[PDB]
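Here's a solo chain for you in structure tokens, the form deposited in one PDB entry.
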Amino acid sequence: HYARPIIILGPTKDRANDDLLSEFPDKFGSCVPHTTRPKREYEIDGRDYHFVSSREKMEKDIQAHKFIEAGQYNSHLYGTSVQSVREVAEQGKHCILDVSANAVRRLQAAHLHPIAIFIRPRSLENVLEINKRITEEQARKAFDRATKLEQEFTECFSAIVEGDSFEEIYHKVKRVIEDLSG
């Protein structure tokens, strides 16, 4: 009846999202973004985007802390609303989110109660192992971003998981969701 949105953080998160999405189609869902850009002919409001005809209203709502993530392109605003994520939460679907940890803090300030799982790399070498495709260049930036991000945002994670293989990481991610979904 109510399922908590999920944000996986750390290396390999996107693939954890993909494989969980790809493994339980019925359990996980996706939220619908907003856009102040005029809707296209073959675009569908409520499915491609909630199209805001009043751009002024969406700017004010962003300033009212109703979006967890936002940006501007070709003079148009795009964002994922606080309310659009709950709309998935009410269908009994877990909302898989590609959002920052600040965005996580904002879903908690809502009281939405989301599942924030952080994947801690053991070492730079662990980055190269748990991660299927990557070069040594990219691995350092990933290892250095994960270490700063835990030192800054530990207090907001529902769990921290580790593994020498991604399958071990992926299994513990499902263990977290399984313990905290009841």
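One-based numbering along the sequence shown.
Task: Of 169-177 and 16-24, the stretch whose C-alpha atoms average the higher B-factor in the entry - done: That would be 16-24.
- [ ] Could you settle it for me: does 66-74 or 116-124 have the higher average Cα B factor in the PDB entry?
- [x] The stretch with the larger average C-alpha B-factor is 66-74.
- [ ] Tell me which of 154, 131, 147, 36 tops the list for C-alpha B factor in the record.
- [x] Among 154, 131, 147, 36, the PDB entry lists the largest C-alpha B-factor for 154.
- [ ] Consider only the C-alpha atoms of the modelled residues in this chain, order them by B-factor as the entry records it, and name the third containing residue 99: lowest, middle or highest.
- [x] Lowest third, going by the recorded CA B-factors of the chain.
- [ ] Taking the values exactly as deposited, rank residue 58 by C-alpha B-factor within its chain and report the matching third: lowest, middle or highest.
- [x] Ranked within chain, residue 58 CA B lands in the highest tercile.
TODO: Can you work out whether the C-alpha temperature factor of residue 48 puts it in the lowest, middle or highest third of the chain?
DONE: Ranked within chain, residue 48 CA B lands in the lowest tercile.
Open item on the list: Splitting the chain's C-alpha B-factors into thirds, which one does residue 108 fall into?
Closed with: Top third by C-alpha B-factor.
TODO: Give the position of residue 81 by CA B-factor within its chain, expressed as the lowest, middle or highest third.
DONE: For residue 81, whose C-alpha B-factor we compare with every modelled residue in the chain, the answer is the middle third.
Note that the form deposited in another entry isn't included here; everything after this is about it.
TODO: Since one rigid part pivots against the other between this form and the one not shown, find the hinge residue among 27, 99, 108, 149.
DONE: Where C-alphas switch their better-fitting rigid part, the residue is 27.
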